[PDB]
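Asks: You'll find input.cif just under this line, and it carries mmCIF, N, CA and C atoms.
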```cif
data_protein
#
loop_
_atom_site.label_atom_id
_atom_site.label_comp_id
_atom_site.auth_asym_id
_atom_site.auth_seq_id
_atom_site.Cartn_x
_atom_site.Cartn_y
_atom_site.Cartn_z
N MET A 1 0.84 -1.19 0.00
CA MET A 1 0.00 0.00 0.00
C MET A 1 0.88 1.25 0.00
N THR A 2 1.87 1.28 0.89
CA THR A 2 2.89 2.33 0.81
C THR A 2 3.85 2.07 -0.36
N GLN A 3 3.83 0.85 -0.90
CA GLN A 3 4.66 0.44 -2.03
C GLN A 3 3.77 -0.05 -3.18
N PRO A 4 3.01 0.84 -3.81
CA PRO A 4 2.03 0.39 -4.82
C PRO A 4 2.64 -0.21 -6.10
N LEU A 5 3.91 0.02 -6.41
CA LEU A 5 4.45 -0.41 -7.69
C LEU A 5 5.28 -1.69 -7.61
N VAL A 6 5.21 -2.42 -6.48
CA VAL A 6 6.01 -3.62 -6.34
C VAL A 6 5.65 -4.60 -7.45
N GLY A 7 6.66 -5.25 -8.02
CA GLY A 7 6.44 -6.18 -9.11
C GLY A 7 6.40 -5.55 -10.49
N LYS A 8 6.44 -4.23 -10.59
CA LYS A 8 6.47 -3.55 -11.88
C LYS A 8 7.89 -3.07 -12.17
N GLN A 9 8.27 -3.14 -13.44
CA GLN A 9 9.61 -2.77 -13.89
C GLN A 9 9.46 -1.56 -14.81
N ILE A 10 10.19 -0.49 -14.51
CA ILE A 10 10.08 0.78 -15.22
C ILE A 10 11.43 1.09 -15.86
N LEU A 11 11.42 1.33 -17.17
CA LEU A 11 12.61 1.75 -17.90
C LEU A 11 12.59 3.27 -18.01
N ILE A 12 13.64 3.92 -17.53
CA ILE A 12 13.75 5.38 -17.59
C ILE A 12 14.88 5.76 -18.53
N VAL A 13 14.55 6.52 -19.58
CA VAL A 13 15.50 6.94 -20.61
C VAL A 13 15.65 8.45 -20.45
N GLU A 14 16.82 8.88 -19.99
CA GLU A 14 16.97 10.28 -19.61
C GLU A 14 18.44 10.62 -19.69
N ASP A 15 18.79 11.65 -20.45
CA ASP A 15 20.21 11.94 -20.66
C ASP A 15 20.81 12.79 -19.56
N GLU A 16 19.98 13.52 -18.81
CA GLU A 16 20.46 14.37 -17.72
C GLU A 16 20.55 13.54 -16.44
N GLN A 17 21.76 13.41 -15.87
CA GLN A 17 21.94 12.47 -14.77
C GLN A 17 21.13 12.87 -13.53
N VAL A 18 20.97 14.17 -13.27
CA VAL A 18 20.20 14.58 -12.10
C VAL A 18 18.74 14.16 -12.24
N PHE A 19 18.14 14.39 -13.41
CA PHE A 19 16.75 13.97 -13.60
C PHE A 19 16.65 12.45 -13.64
N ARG A 20 17.68 11.77 -14.17
CA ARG A 20 17.78 10.31 -14.07
C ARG A 20 17.73 9.85 -12.62
N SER A 21 18.58 10.44 -11.76
CA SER A 21 18.63 10.04 -10.36
C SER A 21 17.33 10.34 -9.63
N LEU A 22 16.72 11.49 -9.91
CA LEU A 22 15.46 11.85 -9.27
C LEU A 22 14.35 10.86 -9.63
N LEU A 23 14.20 10.55 -10.92
CA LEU A 23 13.20 9.57 -11.33
C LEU A 23 13.47 8.21 -10.71
N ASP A 24 14.74 7.79 -10.66
CA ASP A 24 15.08 6.52 -10.03
C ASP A 24 14.65 6.53 -8.57
N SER A 25 15.01 7.59 -7.85
CA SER A 25 14.65 7.68 -6.45
C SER A 25 13.14 7.60 -6.26
N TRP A 26 12.39 8.28 -7.11
CA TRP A 26 10.95 8.38 -6.89
C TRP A 26 10.26 7.05 -7.20
N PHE A 27 10.56 6.44 -8.35
CA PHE A 27 9.91 5.16 -8.67
C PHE A 27 10.37 4.04 -7.75
N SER A 28 11.65 4.03 -7.37
CA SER A 28 12.12 2.95 -6.49
C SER A 28 11.44 3.03 -5.13
N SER A 29 11.25 4.23 -4.60
CA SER A 29 10.59 4.36 -3.31
C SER A 29 9.13 3.95 -3.38
N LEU A 30 8.53 3.91 -4.58
CA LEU A 30 7.18 3.39 -4.73
C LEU A 30 7.14 1.89 -4.94
N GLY A 31 8.30 1.23 -5.03
CA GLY A 31 8.37 -0.21 -5.08
C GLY A 31 8.72 -0.80 -6.44
N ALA A 32 8.77 0.01 -7.50
CA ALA A 32 9.14 -0.51 -8.81
C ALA A 32 10.61 -0.91 -8.82
N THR A 33 10.97 -1.88 -9.67
CA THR A 33 12.38 -2.07 -9.99
C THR A 33 12.67 -1.22 -11.23
N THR A 34 13.75 -0.44 -11.20
CA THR A 34 14.05 0.49 -12.28
C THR A 34 15.22 -0.02 -13.12
N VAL A 35 15.16 0.30 -14.40
CA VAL A 35 16.27 0.21 -15.35
C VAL A 35 16.45 1.61 -15.93
N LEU A 36 17.66 2.16 -15.84
CA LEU A 36 17.89 3.51 -16.32
C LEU A 36 18.84 3.45 -17.51
N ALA A 37 18.56 4.22 -18.55
CA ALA A 37 19.47 4.31 -19.69
C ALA A 37 19.74 5.78 -19.97
N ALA A 38 21.02 6.13 -20.06
CA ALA A 38 21.40 7.51 -20.32
C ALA A 38 21.21 7.91 -21.79
N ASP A 39 21.15 6.94 -22.70
CA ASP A 39 21.24 7.16 -24.14
C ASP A 39 20.07 6.48 -24.84
N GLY A 40 19.40 7.21 -25.75
CA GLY A 40 18.23 6.64 -26.41
C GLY A 40 18.56 5.49 -27.35
N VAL A 41 19.72 5.57 -28.01
CA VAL A 41 20.14 4.46 -28.87
C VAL A 41 20.41 3.22 -28.02
N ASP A 42 21.01 3.41 -26.84
CA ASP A 42 21.20 2.29 -25.92
C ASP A 42 19.87 1.68 -25.51
N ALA A 43 18.86 2.53 -25.27
CA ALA A 43 17.54 2.05 -24.85
C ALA A 43 16.87 1.22 -25.94
N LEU A 44 16.99 1.67 -27.19
CA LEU A 44 16.47 0.91 -28.32
C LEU A 44 17.06 -0.49 -28.35
N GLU A 45 18.38 -0.60 -28.18
CA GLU A 45 18.98 -1.93 -28.15
C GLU A 45 18.46 -2.72 -26.95
N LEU A 46 18.38 -2.08 -25.78
CA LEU A 46 17.95 -2.80 -24.58
C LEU A 46 16.58 -3.42 -24.77
N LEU A 47 15.65 -2.66 -25.37
CA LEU A 47 14.27 -3.12 -25.48
C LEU A 47 14.15 -4.37 -26.32
N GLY A 48 15.16 -4.67 -27.13
CA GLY A 48 15.13 -5.90 -27.90
C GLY A 48 15.21 -7.12 -27.01
N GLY A 49 15.79 -6.97 -25.83
CA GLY A 49 16.04 -8.10 -24.95
C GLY A 49 15.18 -8.21 -23.70
N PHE A 50 14.30 -7.24 -23.45
CA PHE A 50 13.45 -7.34 -22.26
C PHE A 50 12.17 -6.57 -22.51
N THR A 51 11.26 -6.64 -21.54
CA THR A 51 9.89 -6.14 -21.69
C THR A 51 9.48 -5.41 -20.41
N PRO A 52 9.85 -4.14 -20.27
CA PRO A 52 9.46 -3.40 -19.08
C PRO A 52 7.96 -3.14 -19.11
N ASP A 53 7.41 -2.88 -17.92
CA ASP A 53 5.98 -2.62 -17.84
C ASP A 53 5.63 -1.21 -18.30
N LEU A 54 6.57 -0.28 -18.21
CA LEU A 54 6.38 1.10 -18.62
C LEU A 54 7.75 1.65 -19.01
N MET A 55 7.82 2.51 -20.06
CA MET A 55 9.07 3.21 -20.33
C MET A 55 8.79 4.72 -20.26
N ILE A 56 9.68 5.46 -19.60
CA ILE A 56 9.57 6.91 -19.45
C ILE A 56 10.62 7.50 -20.36
N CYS A 57 10.26 8.49 -21.16
CA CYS A 57 11.31 9.12 -21.97
C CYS A 57 10.91 10.54 -22.32
N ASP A 58 11.83 11.23 -22.99
CA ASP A 58 11.64 12.57 -23.51
C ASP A 58 11.61 12.53 -25.03
N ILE A 59 10.87 13.47 -25.62
CA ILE A 59 10.94 13.65 -27.07
C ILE A 59 12.31 14.22 -27.45
N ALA A 60 12.80 15.18 -26.68
CA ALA A 60 14.09 15.82 -26.94
C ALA A 60 15.22 14.96 -26.38
N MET A 61 16.17 14.60 -27.24
CA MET A 61 17.31 13.76 -26.88
C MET A 61 18.48 14.10 -27.79
N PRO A 62 19.72 13.95 -27.31
CA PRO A 62 20.85 14.45 -28.10
C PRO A 62 21.20 13.61 -29.33
N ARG A 63 21.23 12.28 -29.21
CA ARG A 63 21.71 11.41 -30.27
C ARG A 63 20.61 11.08 -31.27
N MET A 64 19.47 10.67 -30.73
CA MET A 64 18.29 10.21 -31.45
C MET A 64 17.11 10.73 -30.67
N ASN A 65 16.26 11.56 -31.29
CA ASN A 65 15.14 12.10 -30.53
C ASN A 65 14.14 11.01 -30.19
N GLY A 66 13.33 11.29 -29.17
CA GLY A 66 12.39 10.30 -28.69
C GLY A 66 11.39 9.86 -29.73
N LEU A 67 10.99 10.78 -30.63
CA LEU A 67 10.05 10.38 -31.67
C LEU A 67 10.65 9.32 -32.58
N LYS A 68 11.95 9.45 -32.88
CA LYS A 68 12.66 8.40 -33.62
C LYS A 68 12.65 7.08 -32.86
N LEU A 69 13.03 7.11 -31.57
CA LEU A 69 13.05 5.89 -30.76
C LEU A 69 11.66 5.28 -30.70
N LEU A 70 10.64 6.11 -30.46
CA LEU A 70 9.28 5.60 -30.41
C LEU A 70 8.91 4.91 -31.72
N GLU A 71 9.24 5.55 -32.85
CA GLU A 71 8.79 4.97 -34.10
C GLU A 71 9.56 3.68 -34.40
N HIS A 72 10.83 3.59 -33.99
CA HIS A 72 11.57 2.36 -34.24
C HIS A 72 10.96 1.19 -33.49
N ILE A 73 10.50 1.40 -32.26
CA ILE A 73 9.98 0.25 -31.54
C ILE A 73 8.54 -0.03 -31.93
N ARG A 74 7.77 1.01 -32.25
CA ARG A 74 6.39 0.77 -32.66
C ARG A 74 6.33 0.10 -34.03
N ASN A 75 7.18 0.54 -34.99
CA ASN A 75 7.26 -0.14 -36.29
C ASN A 75 7.63 -1.60 -36.17
N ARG A 76 8.05 -2.02 -34.98
CA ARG A 76 8.60 -3.35 -34.74
C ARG A 76 7.64 -4.17 -33.89
N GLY A 77 6.36 -3.76 -33.84
CA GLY A 77 5.34 -4.43 -33.08
C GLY A 77 5.45 -4.30 -31.58
N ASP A 78 6.41 -3.54 -31.07
CA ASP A 78 6.61 -3.36 -29.63
C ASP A 78 5.53 -2.43 -29.08
N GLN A 79 4.65 -2.96 -28.23
CA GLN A 79 3.62 -2.14 -27.59
C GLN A 79 3.89 -1.92 -26.09
N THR A 80 5.16 -1.75 -25.73
CA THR A 80 5.52 -1.27 -24.40
C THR A 80 4.79 0.04 -24.10
N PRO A 81 4.09 0.14 -22.98
CA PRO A 81 3.46 1.42 -22.62
C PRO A 81 4.54 2.48 -22.45
N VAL A 82 4.30 3.67 -22.99
CA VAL A 82 5.26 4.78 -22.90
C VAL A 82 4.58 6.01 -22.32
N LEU A 83 5.26 6.63 -21.36
CA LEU A 83 4.86 7.92 -20.81
C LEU A 83 5.95 8.94 -21.10
N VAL A 84 5.62 9.99 -21.88
CA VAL A 84 6.61 10.99 -22.27
C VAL A 84 6.55 12.12 -21.26
N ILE A 85 7.72 12.57 -20.82
CA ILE A 85 7.86 13.76 -19.99
C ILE A 85 8.85 14.67 -20.68
N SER A 86 8.39 15.87 -21.05
CA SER A 86 9.13 16.75 -21.96
C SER A 86 8.85 18.21 -21.68
N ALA A 87 9.88 19.04 -21.84
CA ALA A 87 9.67 20.48 -21.83
C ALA A 87 9.29 21.03 -23.20
N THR A 88 8.97 20.17 -24.17
CA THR A 88 8.75 20.69 -25.52
C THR A 88 7.50 21.55 -25.58
N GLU A 89 7.57 22.57 -26.43
CA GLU A 89 6.45 23.45 -26.70
C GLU A 89 5.87 23.17 -28.07
N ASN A 90 6.46 22.23 -28.81
CA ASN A 90 6.19 22.04 -30.23
C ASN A 90 4.96 21.15 -30.38
N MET A 91 3.88 21.72 -30.90
CA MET A 91 2.60 21.02 -30.91
C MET A 91 2.63 19.82 -31.84
N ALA A 92 3.39 19.91 -32.93
CA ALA A 92 3.41 18.82 -33.90
C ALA A 92 4.19 17.62 -33.36
N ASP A 93 5.19 17.86 -32.51
CA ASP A 93 5.93 16.75 -31.90
C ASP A 93 5.07 16.03 -30.86
N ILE A 94 4.31 16.79 -30.07
CA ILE A 94 3.38 16.17 -29.13
C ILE A 94 2.35 15.34 -29.89
N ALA A 95 1.81 15.89 -30.98
CA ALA A 95 0.83 15.14 -31.76
C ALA A 95 1.44 13.88 -32.36
N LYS A 96 2.69 13.96 -32.82
CA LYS A 96 3.30 12.77 -33.40
C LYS A 96 3.52 11.70 -32.35
N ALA A 97 3.90 12.10 -31.13
CA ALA A 97 4.05 11.12 -30.05
C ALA A 97 2.71 10.46 -29.72
N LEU A 98 1.62 11.24 -29.70
CA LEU A 98 0.30 10.66 -29.44
C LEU A 98 -0.12 9.71 -30.55
N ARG A 99 0.20 10.02 -31.81
CA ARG A 99 -0.14 9.11 -32.90
C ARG A 99 0.68 7.82 -32.82
N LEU A 100 1.88 7.88 -32.25
CA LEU A 100 2.65 6.66 -32.04
C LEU A 100 2.20 5.87 -30.81
N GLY A 101 1.18 6.36 -30.11
CA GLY A 101 0.52 5.59 -29.08
C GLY A 101 1.04 5.76 -27.66
N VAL A 102 1.66 6.89 -27.32
CA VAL A 102 2.10 7.09 -25.94
C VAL A 102 0.89 7.32 -25.05
N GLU A 103 1.03 6.96 -23.77
CA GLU A 103 -0.09 7.08 -22.84
C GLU A 103 -0.42 8.53 -22.58
N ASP A 104 0.58 9.40 -22.57
CA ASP A 104 0.40 10.82 -22.30
C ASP A 104 1.72 11.52 -22.56
N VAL A 105 1.65 12.84 -22.68
CA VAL A 105 2.83 13.71 -22.73
C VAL A 105 2.69 14.73 -21.61
N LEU A 106 3.61 14.68 -20.65
CA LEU A 106 3.56 15.48 -19.43
C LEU A 106 4.63 16.56 -19.48
N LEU A 107 4.34 17.71 -18.85
CA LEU A 107 5.34 18.78 -18.84
C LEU A 107 6.46 18.50 -17.85
N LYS A 108 7.68 18.83 -18.28
CA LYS A 108 8.92 18.80 -17.54
C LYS A 108 9.36 20.24 -17.33
N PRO A 109 9.77 20.63 -16.11
CA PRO A 109 9.87 19.78 -14.93
C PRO A 109 8.52 19.57 -14.24
N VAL A 110 8.41 18.47 -13.50
CA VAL A 110 7.13 18.08 -12.92
C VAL A 110 6.74 19.05 -11.81
N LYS A 111 5.48 19.47 -11.80
CA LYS A 111 4.96 20.35 -10.76
C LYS A 111 4.09 19.63 -9.73
N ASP A 112 3.32 18.62 -10.14
CA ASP A 112 2.38 17.93 -9.27
C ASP A 112 2.82 16.47 -9.21
N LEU A 113 3.72 16.19 -8.27
CA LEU A 113 4.25 14.84 -8.17
C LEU A 113 3.18 13.85 -7.73
N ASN A 114 2.15 14.30 -6.99
CA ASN A 114 1.06 13.38 -6.66
C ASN A 114 0.20 13.06 -7.87
N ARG A 115 0.13 13.99 -8.83
CA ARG A 115 -0.55 13.67 -10.08
C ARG A 115 0.25 12.66 -10.89
N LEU A 116 1.56 12.88 -11.00
CA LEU A 116 2.42 11.96 -11.72
C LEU A 116 2.24 10.55 -11.18
N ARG A 117 2.18 10.43 -9.85
CA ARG A 117 1.93 9.15 -9.20
C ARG A 117 0.65 8.50 -9.70
N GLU A 118 -0.45 9.26 -9.73
CA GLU A 118 -1.72 8.67 -10.15
C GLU A 118 -1.68 8.30 -11.62
N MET A 119 -0.97 9.08 -12.43
CA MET A 119 -0.88 8.79 -13.85
C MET A 119 0.02 7.59 -14.14
N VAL A 120 1.12 7.45 -13.40
CA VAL A 120 1.94 6.26 -13.59
C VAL A 120 1.16 5.00 -13.21
N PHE A 121 0.50 5.03 -12.04
CA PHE A 121 -0.33 3.89 -11.62
C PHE A 121 -1.35 3.50 -12.69
N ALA A 122 -1.95 4.49 -13.36
CA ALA A 122 -2.95 4.18 -14.37
C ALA A 122 -2.32 3.60 -15.63
N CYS A 123 -1.09 4.01 -15.95
CA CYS A 123 -0.36 3.37 -17.05
C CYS A 123 -0.11 1.90 -16.75
N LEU A 124 0.26 1.61 -15.52
CA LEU A 124 0.58 0.24 -15.15
C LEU A 124 -0.65 -0.60 -14.87
N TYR A 125 -1.78 0.02 -14.53
CA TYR A 125 -3.00 -0.71 -14.18
C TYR A 125 -4.20 -0.05 -14.84
N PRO A 126 -4.26 -0.05 -16.17
CA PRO A 126 -5.38 0.61 -16.84
C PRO A 126 -6.65 -0.23 -16.79
N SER A 127 -7.77 0.44 -17.09
CA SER A 127 -9.12 -0.13 -16.92
C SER A 127 -9.61 -0.81 -18.19
#
```
Mind converting the file's structure to structure tokens?

Replies:
Amino acid sequence: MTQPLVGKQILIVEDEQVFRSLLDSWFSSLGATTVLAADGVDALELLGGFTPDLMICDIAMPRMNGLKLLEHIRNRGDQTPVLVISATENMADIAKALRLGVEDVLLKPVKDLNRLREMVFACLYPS
């Protein structure tokens, strides 16, 4: 109850180490086991070998943007649930992420961490 995410595995793709560490701290304290990847190309390779319950990522990324990563795995029949957290203002990029089937696109940096909690739970346990 204090650990609602026990048994769920969350992949976090984030190039900024501080935001990587913060997300790790927050999901781990809720009981999830975390896998963190600093690089989107690394994450693409990783997903070939495992099946996380949720993947968190950004549209904006240095090597390969998130829309590229999303399309590579979706074109490949991979229906891993994805939650995007992004500071992007670009309406067409948000729309493209939604067309690729992400659960939501949330603003970065997070303002309502209790909302993020309810939204992550719903990604992992939808109706």

Asks: Could you state which residues are captured by the PyMOL selection byres ((chain A and resi 106) around 8) in this file, as a list in words?

Replies: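 Evaluating the PyMOL selection byres ((chain A and resi 106) around 8) on this file yields residues 83, 84, 85, 86, 87, 88, 103, 104, 105, 107, 108, 109 and 110 of chain A.
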
Asks: One decimal, Å: what's the distance from atom C of residue 42 in chain A over to CA of residue 71 in chain A, could you say?

Replies: 14.4 Å

Asks: Could you tell me, as a list in words, exactly which residues end up selected when the PyMOL selection byres (((chain A and resi 56 and name CA) around 7) and name CA) is applied to this structure?

Replies: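 For this structure, the PyMOL selection byres (((chain A and resi 56 and name CA) around 7) and name CA) resolves to residues 11, 12, 13, 54, 55, 57, 82, 83 and 84 of chain A.
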
Asks: Can you spell out as a list in words the set of residues that the PyMOL selection byres ((chain A and resi 14) around 6) selects in the structure I just provided?

Replies: residues 12, 13, 15, 16, 17, 20, 37, 38, 39 and 57 of chain A

Asks: Quick one, how far is CA of residue 3 in chain A from CA of residue 31 in chain A?

Replies: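 It comes out at 4.8 Å.
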
Asks: Could you work out how far atom N of residue 115 in chain A lies from atom C of residue 29 in chain A, giving the answer in Å with one decimal?

Replies: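 Atom-to-atom, atom C of residue 29 in chain A and atom N of residue 115 in chain A are spaced 14.5 Å apart.
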
Asks: Taking the DSSP secondary structure from the backbone, can you list the residues of chain A that are helix (DSSP H, G or I), as an mmCIF file with N, CA and C atoms, in the coordinates of the input?

Replies:
```
data_model
loop_
_atom_site.group_PDB
_atom_site.id
_atom_site.type_symbol
_atom_site.label_atom_id
_atom_site.label_comp_id
_atom_site.auth_asym_id
_atom_site.auth_seq_id
_atom_site.Cartn_x
_atom_site.Cartn_y
_atom_site.Cartn_z
ATOM 1 N N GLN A 17 21.760 13.410 -15.870
ATOM 2 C CA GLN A 17 21.940 12.470 -14.770
ATOM 3 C C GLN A 17 21.130 12.870 -13.530
ATOM 4 N N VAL A 18 20.970 14.170 -13.270
ATOM 5 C CA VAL A 18 20.200 14.580 -12.100
ATOM 6 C C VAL A 18 18.740 14.160 -12.240
ATOM 7 N N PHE A 19 18.140 14.390 -13.410
ATOM 8 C CA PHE A 19 16.750 13.970 -13.600
ATOM 9 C C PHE A 19 16.650 12.450 -13.640
ATOM 10 N N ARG A 20 17.680 11.770 -14.170
ATOM 11 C CA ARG A 20 17.780 10.310 -14.070
ATOM 12 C C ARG A 20 17.730 9.850 -12.620
ATOM 13 N N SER A 21 18.580 10.440 -11.760
ATOM 14 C CA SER A 21 18.630 10.040 -10.360
ATOM 15 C C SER A 21 17.330 10.340 -9.630
ATOM 16 N N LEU A 22 16.720 11.490 -9.910
ATOM 17 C CA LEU A 22 15.460 11.850 -9.270
ATOM 18 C C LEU A 22 14.350 10.860 -9.630
ATOM 19 N N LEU A 23 14.200 10.550 -10.920
ATOM 20 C CA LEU A 23 13.200 9.570 -11.330
ATOM 21 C C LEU A 23 13.470 8.210 -10.710
ATOM 22 N N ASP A 24 14.740 7.790 -10.660
ATOM 23 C CA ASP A 24 15.080 6.520 -10.030
ATOM 24 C C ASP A 24 14.650 6.530 -8.570
ATOM 25 N N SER A 25 15.010 7.590 -7.850
ATOM 26 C CA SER A 25 14.650 7.680 -6.450
ATOM 27 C C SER A 25 13.140 7.600 -6.260
ATOM 28 N N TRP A 26 12.390 8.280 -7.110
ATOM 29 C CA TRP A 26 10.950 8.380 -6.890
ATOM 30 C C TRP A 26 10.260 7.050 -7.200
ATOM 31 N N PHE A 27 10.560 6.440 -8.350
ATOM 32 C CA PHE A 27 9.910 5.160 -8.670
ATOM 33 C C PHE A 27 10.370 4.040 -7.750
ATOM 34 N N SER A 28 11.650 4.030 -7.370
ATOM 35 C CA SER A 28 12.120 2.950 -6.490
ATOM 36 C C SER A 28 11.440 3.030 -5.130
ATOM 37 N N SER A 29 11.250 4.230 -4.600
ATOM 38 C CA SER A 29 10.590 4.360 -3.310
ATOM 39 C C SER A 29 9.130 3.950 -3.380
ATOM 40 N N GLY A 40 19.400 7.210 -25.750
ATOM 41 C CA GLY A 40 18.230 6.640 -26.410
ATOM 42 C C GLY A 40 18.560 5.490 -27.350
ATOM 43 N N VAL A 41 19.720 5.570 -28.010
ATOM 44 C CA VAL A 41 20.140 4.460 -28.870
ATOM 45 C C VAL A 41 20.410 3.220 -28.020
ATOM 46 N N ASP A 42 21.010 3.410 -26.840
ATOM 47 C CA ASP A 42 21.200 2.290 -25.920
ATOM 48 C C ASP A 42 19.870 1.680 -25.510
ATOM 49 N N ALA A 43 18.860 2.530 -25.270
ATOM 50 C CA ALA A 43 17.540 2.050 -24.850
ATOM 51 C C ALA A 43 16.870 1.220 -25.940
ATOM 52 N N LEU A 44 16.990 1.670 -27.190
ATOM 53 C CA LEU A 44 16.470 0.910 -28.320
ATOM 54 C C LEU A 44 17.060 -0.490 -28.350
ATOM 55 N N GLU A 45 18.380 -0.600 -28.180
ATOM 56 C CA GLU A 45 18.980 -1.930 -28.150
ATOM 57 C C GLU A 45 18.460 -2.720 -26.950
ATOM 58 N N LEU A 46 18.380 -2.080 -25.780
ATOM 59 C CA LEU A 46 17.950 -2.800 -24.580
ATOM 60 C C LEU A 46 16.580 -3.420 -24.770
ATOM 61 N N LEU A 47 15.650 -2.660 -25.370
ATOM 62 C CA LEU A 47 14.270 -3.120 -25.480
ATOM 63 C C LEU A 47 14.150 -4.370 -26.320
ATOM 64 N N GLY A 66 13.330 11.290 -29.170
ATOM 65 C CA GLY A 66 12.390 10.300 -28.690
ATOM 66 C C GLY A 66 11.390 9.860 -29.730
ATOM 67 N N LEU A 67 10.990 10.780 -30.630
ATOM 68 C CA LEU A 67 10.050 10.380 -31.670
ATOM 69 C C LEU A 67 10.650 9.320 -32.580
ATOM 70 N N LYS A 68 11.950 9.450 -32.880
ATOM 71 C CA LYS A 68 12.660 8.400 -33.620
ATOM 72 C C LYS A 68 12.650 7.080 -32.860
ATOM 73 N N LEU A 69 13.030 7.110 -31.570
ATOM 74 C CA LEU A 69 13.050 5.890 -30.760
ATOM 75 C C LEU A 69 11.660 5.280 -30.700
ATOM 76 N N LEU A 70 10.640 6.110 -30.460
ATOM 77 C CA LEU A 70 9.280 5.600 -30.410
ATOM 78 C C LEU A 70 8.910 4.910 -31.720
ATOM 79 N N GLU A 71 9.240 5.550 -32.850
ATOM 80 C CA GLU A 71 8.790 4.970 -34.100
ATOM 81 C C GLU A 71 9.560 3.680 -34.400
ATOM 82 N N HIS A 72 10.830 3.590 -33.990
ATOM 83 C CA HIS A 72 11.570 2.360 -34.240
ATOM 84 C C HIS A 72 10.960 1.190 -33.490
ATOM 85 N N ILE A 73 10.500 1.400 -32.260
ATOM 86 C CA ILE A 73 9.980 0.250 -31.540
ATOM 87 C C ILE A 73 8.540 -0.030 -31.930
ATOM 88 N N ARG A 74 7.770 1.010 -32.250
ATOM 89 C CA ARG A 74 6.390 0.770 -32.660
ATOM 90 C C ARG A 74 6.330 0.100 -34.030
ATOM 91 N N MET A 91 3.880 21.720 -30.900
ATOM 92 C CA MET A 91 2.600 21.020 -30.910
ATOM 93 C C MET A 91 2.630 19.820 -31.840
ATOM 94 N N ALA A 92 3.390 19.910 -32.930
ATOM 95 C CA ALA A 92 3.410 18.820 -33.900
ATOM 96 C C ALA A 92 4.190 17.620 -33.360
ATOM 97 N N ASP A 93 5.190 17.860 -32.510
ATOM 98 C CA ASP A 93 5.930 16.750 -31.900
ATOM 99 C C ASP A 93 5.070 16.030 -30.860
ATOM 100 N N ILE A 94 4.310 16.790 -30.070
ATOM 101 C CA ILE A 94 3.380 16.170 -29.130
ATOM 102 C C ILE A 94 2.350 15.340 -29.890
ATOM 103 N N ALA A 95 1.810 15.890 -30.980
ATOM 104 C CA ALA A 95 0.830 15.140 -31.760
ATOM 105 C C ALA A 95 1.440 13.880 -32.360
ATOM 106 N N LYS A 96 2.690 13.960 -32.820
ATOM 107 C CA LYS A 96 3.300 12.770 -33.400
ATOM 108 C C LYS A 96 3.520 11.700 -32.350
ATOM 109 N N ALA A 97 3.900 12.100 -31.130
ATOM 110 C CA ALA A 97 4.050 11.120 -30.050
ATOM 111 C C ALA A 97 2.710 10.460 -29.720
ATOM 112 N N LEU A 98 1.620 11.240 -29.700
ATOM 113 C CA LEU A 98 0.300 10.660 -29.440
ATOM 114 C C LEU A 98 -0.120 9.710 -30.550
ATOM 115 N N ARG A 99 0.200 10.020 -31.810
ATOM 116 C CA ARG A 99 -0.140 9.110 -32.900
ATOM 117 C C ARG A 99 0.680 7.820 -32.820
ATOM 118 N N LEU A 113 3.720 16.190 -8.270
ATOM 119 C CA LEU A 113 4.250 14.840 -8.170
ATOM 120 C C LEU A 113 3.180 13.850 -7.730
ATOM 121 N N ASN A 114 2.150 14.300 -6.990
ATOM 122 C CA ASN A 114 1.060 13.380 -6.660
ATOM 123 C C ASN A 114 0.200 13.060 -7.870
ATOM 124 N N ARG A 115 0.130 13.990 -8.830
ATOM 125 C CA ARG A 115 -0.550 13.670 -10.080
ATOM 126 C C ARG A 115 0.250 12.660 -10.890
ATOM 127 N N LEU A 116 1.560 12.880 -11.000
ATOM 128 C CA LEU A 116 2.420 11.960 -11.720
ATOM 129 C C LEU A 116 2.240 10.550 -11.180
ATOM 130 N N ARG A 117 2.180 10.430 -9.850
ATOM 131 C CA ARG A 117 1.930 9.150 -9.200
ATOM 132 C C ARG A 117 0.650 8.500 -9.700
ATOM 133 N N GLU A 118 -0.450 9.260 -9.730
ATOM 134 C CA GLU A 118 -1.720 8.670 -10.150
ATOM 135 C C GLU A 118 -1.680 8.300 -11.620
ATOM 136 N N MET A 119 -0.970 9.080 -12.430
ATOM 137 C CA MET A 119 -0.880 8.790 -13.850
ATOM 138 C C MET A 119 0.020 7.590 -14.140
ATOM 139 N N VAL A 120 1.120 7.450 -13.400
ATOM 140 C CA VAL A 120 1.940 6.260 -13.590
ATOM 141 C C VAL A 120 1.160 5.000 -13.210
ATOM 142 N N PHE A 121 0.500 5.030 -12.040
ATOM 143 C CA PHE A 121 -0.330 3.890 -11.620
ATOM 144 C C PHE A 121 -1.350 3.500 -12.690
ATOM 145 N N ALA A 122 -1.950 4.490 -13.360
ATOM 146 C CA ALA A 122 -2.950 4.180 -14.370
ATOM 147 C C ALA A 122 -2.320 3.600 -15.630
ATOM 148 N N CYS A 123 -1.090 4.010 -15.950
ATOM 149 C CA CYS A 123 -0.360 3.370 -17.050
ATOM 150 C C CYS A 123 -0.110 1.900 -16.750
ATOM 151 N N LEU A 124 0.260 1.610 -15.520
ATOM 152 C CA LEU A 124 0.580 0.240 -15.150
ATOM 153 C C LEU A 124 -0.650 -0.600 -14.870
#
```

Asks: Tell me which protein, DNA and RNA residues are within 12 Å of residue 100 in chain A, counting only C-alpha atoms, leaving out same-chain ones fewer than 3 positions away, and put them as a PyMOL selection string.

Replies: chain A and resi 59+66-84+93-97+103-105

Asks: Using only C-alpha atoms, which residue out of A:36, A:122, A:28, A:60 lies closest to residue 6 in chain A?

Replies: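 Counting only C-alpha atoms, the residue closest to residue 6 in chain A is A:28.
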